[PDB]
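Enquirer: As a preliminary step, the opening chains of the complex are given here in situ:
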Amino acid sequence: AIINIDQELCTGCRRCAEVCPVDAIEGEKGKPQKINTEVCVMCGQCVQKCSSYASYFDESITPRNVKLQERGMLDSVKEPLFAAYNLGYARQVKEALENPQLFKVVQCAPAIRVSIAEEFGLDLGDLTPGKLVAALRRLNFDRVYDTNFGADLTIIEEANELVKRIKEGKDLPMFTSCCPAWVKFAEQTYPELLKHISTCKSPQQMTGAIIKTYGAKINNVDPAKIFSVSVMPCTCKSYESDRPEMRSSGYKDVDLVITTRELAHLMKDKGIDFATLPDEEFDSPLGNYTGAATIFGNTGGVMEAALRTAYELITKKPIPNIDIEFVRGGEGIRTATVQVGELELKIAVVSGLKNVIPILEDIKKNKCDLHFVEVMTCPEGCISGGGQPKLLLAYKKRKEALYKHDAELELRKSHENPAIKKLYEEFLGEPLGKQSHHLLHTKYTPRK
Amino acid sequence: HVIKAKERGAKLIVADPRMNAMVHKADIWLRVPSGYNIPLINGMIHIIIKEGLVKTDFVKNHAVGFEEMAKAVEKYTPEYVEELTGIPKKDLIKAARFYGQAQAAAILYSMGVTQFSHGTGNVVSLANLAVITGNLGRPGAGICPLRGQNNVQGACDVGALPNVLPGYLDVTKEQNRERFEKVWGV
Amino acid sequence: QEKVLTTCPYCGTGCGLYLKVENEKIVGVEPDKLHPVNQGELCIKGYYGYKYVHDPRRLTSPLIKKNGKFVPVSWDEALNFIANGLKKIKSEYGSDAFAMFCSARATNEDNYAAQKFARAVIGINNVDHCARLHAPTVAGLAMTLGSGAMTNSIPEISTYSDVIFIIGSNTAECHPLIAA
Amino acid sequence: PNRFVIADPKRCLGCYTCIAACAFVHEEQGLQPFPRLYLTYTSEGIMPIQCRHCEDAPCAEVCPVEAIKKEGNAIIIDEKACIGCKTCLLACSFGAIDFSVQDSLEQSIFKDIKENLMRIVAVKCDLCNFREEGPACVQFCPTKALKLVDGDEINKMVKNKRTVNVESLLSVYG
């Protein structure tokens, strides 16, 4: 299991039942509940809504030392333990770090650099890339990479996929493939529409696949001892990283993921302070990205990132489409119209998972034709995922910081990155070029 | 035993010129100066007579008279003893209410009244109060004196006074004198 | 569950009454729709006089007084004591040693048996009941009309309109169905 | 509107059967064992008096805890929330509310029955809405003095009296 509910601490307040879209929480108005783990999409918002915290000044419960073994957390955290607990993977990361025979690489998501700063008494939403990378290299990690490389890769792949699908339209209302809880829900309840969803992999999986077979070629390390851990703000990528069909080049692309809170626990356990450390830069070969890949943490940023190159793919003329403010919001479903290549596209972006059900019907899809739809299960995007820290009960600071980081960089379109050009001219050739179908494409066939 | 009887249903009425551990645990403290308990008990009898709480069956069936004590207690009024003793007057009414409507009442007294010159009147008045309330010959009610030594009672059943013989018999009677003359010895 | 026809014993009118019994204990009482006297409705004592038969204080064993206190004692030796007491008093002073107080709230067979077993066993005319205190009425009516009891029948007083003359009116709270 | 019960004093013997039935039905149901129908003696006639279900109540307007409320077609006391503030006893014109106290019973046959058989709150005629049969008082009466009046029986009686008056005035003299 991943999401559980302790029966010694749950009080039956039913609050967490009012936020998960699947309603997998079964119980009464009182008494402890239980998670229907066979239908849960692992979104994580039932964790952050929990507020039972039973202290250790009484001996009527477990002695709080064996509890840190069940939850999988570190033994030197001394933070309050809640009821709706995530499963912990920090101990296995620590044991892998103890072994000096593993060429260790780590990945950074475009929502950790803003989230981690609140874990050491700083301002909420302080953009700290340099401190994060310096601390990561001080955590005995041999290499640090950014998952935004795979974000640029999946932007190019999805743009080419949309250009291919706009000609001789076959299941044209295609959906984005960046939120694995959305894929799990679509395979759970609406199995007949799974071919609509694009066959492009999540950015972490492309990054891991490139690390395992291309990162082992630019270096002198065999692709058998590499230990890859991705830091994702999500109680959602662990299920994504252990599917039977989610491996390439023989081995797993991503071994096991850790959220922001587990990274903070590892940071505190090693006894390294955060404010004193200076700034540093990521590794050049697989850490150079653009601002279009930076806005995926916020909701709807995939749309600008895809359009900034889809416009050039369709019209073949460079005309500015850097910024749009009509698709940026925080709730419900948002719609827009785009005129490109003497073609009109009706675009929608959905924050949440329930708010796809009105536009997923076989009758409603025919009446709107939904030329491109972007979906995020967690509200307001991955900046409000399960990996983000508790808030003792805000969101706008993180998204404003991400947009400021996008506006600060001198590279905006996700096409001018020299690393992507070098990768295409050396290893992959052309997109959809009988090589990406083995490394960057998946077939969504659980048929659940 | 007295304080263990306070099973949320007992009523303690204590009268004491001094201060001890018993008066601090009683709801009613009828503190009276020494030697002024005779007007207090006379007013007690007067109040319980005036309220009409007298069990007439016992006095009619066993006692020889009722008006004899009424002739002596009607002289003393609650106000008369109020300025005679300097104590609140509502306390007497409350004590009468607690003593009268109850079924069993036990009266105790320590060495303080026994070592008094005029204790005969005190014990006679206490006996009269016990008779008039009908709380004699019943379990949990009656006059309950206390003895200051272990074997005083066994020094009364046998001869230990110059006017008594073993068996609660008086030596002034010649019949008891001739009752034991040879079995006793000389 | 089971219904038994009985006559209500609380007053002298007499009414049909179904003793609705269940698990051997009375659970209710019902009126008889075909009875000619009450016509299917009863007073307070008929409807709620069944809560008198199973009180927790019902006398459940014979007791005798030996030294001033009653003691639970079986039937046969108590009958021995009664028999020898009656025998000795009859031997001493004859058959006038007792006066029989037969109940007015018992069936006619009880009174007949009491009379016979006070007259055909020891033999005396000392039988009485506590319902004499209407005694001049039976004497007067016998001396006037030769009839010692009721003349007419109750349900005929309401079949058709008559003139009803009441002497010493307490029928409204002595027989709550005749006044009905 | 509301359903209630009325007793014409022509056929009431004062036999105390309706009062005892009303007490004992409520006792065996699980509510207060006290009767909610009071027998009153006057200079000319004896009539039982109960709660004529007032359509404005003058009762729910004085209850501070809001215990008295209209349910179905009757006024219900809701004994569980009643606290004992003797305010509805002031505002009842006919005096149809008494309180569950042993001393509230007058000396009669019913008192003897209830003492040979064996919370303080305001009890009122609830019209026996919990019982599938009709009211117990109207059903156990030896002379059928009480009678239950509905919303439609009032209209029928009004129409009958009105038609009789009109026909008599027409027939005799215009």
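Expert: Nice, I can see it. Numbers count the residues shown, from 1 in each chain, chains lettered A, B, ... in the order given.
Enquirer: When you work out contacts or count neighbours from here on, use the C-alpha atoms and nothing else.
Expert: Will do.
Enquirer: Name the residues of chain D found near chain C, please.
Expert: Contact residues (Cα under 8 Å from any Cα of the partner chain) of chain D with chain C: D:13, D:14, D:15, D:16, D:17, D:20, D:117, D:140, D:141, D:142, D:143.
Enquirer: so where do the strands sit in chain C?
Expert: Ranges of strands in chain C, per DSSP state E, are C:5-7, C:16-22, C:25-31, C:63-65, C:70-72, C:100-101, C:127-128.
Enquirer: among those, which is the most enclosed?
Expert: Among those, ranked by average contacts under mean count of other Cα atoms under 10 Å in any protein chain shown, first place goes to strand C:16-22 (a mean of 18).
Enquirer: For it, report the contacting residues that lie outside it.
Expert: Contact with strand C:16-22 is made by C:1-8, C:26-32, C:35, C:38, C:46, as judged by Cα atoms under 8 Å, 6 or more residues apart in numbering or on different chains.
Enquirer: and if we set it to 7 Å?
Expert: C:1-8, C:26-32, C:35 (Cα atoms under 7 Å, 6 or more residues apart in numbering or on different chains).
Enquirer: who are the neighbours in contact with the residue in chain C positioned nearest to chain D?
Expert: Going by Cα to the nearest Cα, chain D is nearest to residue C:44 of chain C, at 4.7 Å. With contact taken as Cα under 7 Å, 6+ apart, residue C:44 is in contact with D:16, D:17.
Enquirer: can you add chain E next? sequence is:
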Amino acid sequence: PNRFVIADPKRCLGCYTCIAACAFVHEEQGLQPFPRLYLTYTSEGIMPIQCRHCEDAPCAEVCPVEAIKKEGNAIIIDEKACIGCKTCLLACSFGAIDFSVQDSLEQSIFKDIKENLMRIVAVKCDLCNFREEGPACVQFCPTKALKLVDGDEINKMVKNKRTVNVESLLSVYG
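Expert: Let me put chain E in with the others:
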């Protein structure tokens, strides 16, 4: 928390046997014979006073020779190391420490008994940890006024009072 003992003043007769039982039991083991439980006469009530074991212990913060220490769940005075610097007496708010001097005994029955029967360091109720049985002051009281309290009993009493208060508030009015 620490364990201590309290006496509800409702059932204290002033019979002077708890103090003598405390004195002689401590005498027979070889400690200081003087008692460690005190009796106070007040205007309203008679209650024995003793060393409620201060969980922060202001006694040990002023002792200069470091002769007061926490053992088990009690405070121990370590009579072998006390010198008589009457500084712990100035810091004890309840005044539960007296000194082994014959003049410290007041005229009562216990003084007469001790006189007919026949080093100066601070003495204090050490809760009788040297005896396998409980305190001698709690199992000798003719009225059982004294009672020992631990952490578990304190928690039970707190929970009981809180639950009773909540149930009363729910039952009456929210």
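Enquirer: Take the contacts of strand C:16-22 again, chain E included.
Expert: Outside strand C:16-22, the residues that touch it by Cα under 7 Å, 6+ apart are C:1-8, C:26-32, C:35.
Enquirer: Now do the spatially closest residue to residue D:104 that is not a sequence neighbour against chain B, distance only.
Expert: Residue nearest to residue D:104 in three dimensions, not counting chain neighbours: residue D:98, with 7.6 Å by Cα to Cα, 6 or more residues apart in numbering or on different chains. Distance of residue D:98 to chain B, computed by Cα to the nearest Cα, to the nearest Å: 29 Å.
Enquirer: What's the local residue count around residue D:98?
Expert: 20 (other Cα atoms under 10 Å in any protein chain shown).
Enquirer: got it, and residue D:97?
Expert: Counted with other Cα under 10 Å, residue D:97 comes out at 22.
Enquirer: filter the contacts of strand C:16-22 by proximity to chain E?
Expert: Among the contacts of strand C:16-22, no residue sits close to chain E (Cα under 7 Å from any Cα of the partner chain).
Enquirer: Closest one of those to residue B:124?
Expert: residue C:26 (60.9 Å; Cα to Cα).
Enquirer: Report the beta-bridge partner residues of the nearest residue to the closest one once chain neighbours are set aside.
Expert: Spatial nearest neighbour of residue C:26, chain neighbours left out: residue C:20 (6.1 Å); criterion: Cα to Cα, 6+ apart. Per DSSP bridges, the residues bridged to residue C:20 are residue C:28.
Enquirer: Chain F next, sequence below:
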Amino acid sequence: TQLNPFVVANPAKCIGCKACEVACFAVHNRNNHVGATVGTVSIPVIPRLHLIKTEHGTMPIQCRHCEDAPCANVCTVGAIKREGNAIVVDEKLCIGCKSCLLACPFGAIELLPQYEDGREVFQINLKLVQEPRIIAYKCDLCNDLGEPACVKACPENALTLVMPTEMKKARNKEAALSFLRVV
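Expert: Placed with the earlier chains, chain F looks like this:
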């Protein structure tokens, strides 16, 4: 056990003269050196019934002496007890736990400082000055003393001591005579 009486006002014959509270204050505080004369009163005035005036006239309100009294039940310490026929608060054991003010819906209980022997009564350890002891004041129906003093002091004779048993019989007889004269 029988019904307890309670004094009730009469809005038709009340003016708002406040001459019924002063009698109550003067009759309860005989131990604070009052001699039925203004000038011997050396303490602040505390009545038991409270006069309230609104658009539809004015009237005094006080404790109705409930049988299932919420105030008695919520009092955890046990100050409020049904000692006599009426309900009375006890001044020795009250601690000022204000749950009474959340229990009574009429609002006939008010928390005010105590005054004994003509002086304010202070506490042992509080705040650097001392603080006065606060006690709950409510009507006790003059049980310790004689007949009620708010009555016999009302000039318009508005306040009445009603027993809820005789009033019910009177109303029943009135209704029976009114209905039986028409049928």
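Enquirer: so, the neighbour count of residue D:98 revisited with chain F in the model?
Expert: Neighbourhood size, residue D:98 [other Cα under 10 Å]: 23.
Enquirer: Contact residues of chain F facing chain E?
Expert: Within chain F, the residues that sit near chain E (Cα under 7 Å from any Cα) are F:70, F:73, F:74, F:76, F:103.
Enquirer: For chain D, which segments are assigned as helices?
Expert: Assigned by DSSP state H, chain D shows helices spanning D:17-29, D:88-91, D:109-117, D:136-139, D:151-172.
Enquirer: between those helices, which one is nearest to residue A:284?
Expert: Set against residue A:284 and scored by Cα to Cα, the helices of chain D come closest in helix D:17-29, at 86.1 Å.
Enquirer: Mind listing what's buried along that closest one?
Expert: Neighbour counts over helix D:17-29 (16 or more other Cα atoms under 10 Å in any protein chain shown) mark D:17, D:18, D:19, D:20, D:21, D:22, D:23, D:24, D:25, D:26 as buried.
Enquirer: Give the other helices and strands that it contacts.
Expert: For helix D:17-29, the elements it packs on are helix D:136-139, judged by 3 or more Cα pairs under 7 Å, 6 or more residues apart in numbering or on different chains; DSSP states H and E.
Enquirer: do that again at 10 Å, thanks
Expert: Here helix D:17-29 touches helix C:44-47, strand D:38-41, helix D:109-117, helix D:136-139, going by 3 or more Cα pairs under 10 Å, 6 or more residues apart in numbering or on different chains; DSSP states H and E.
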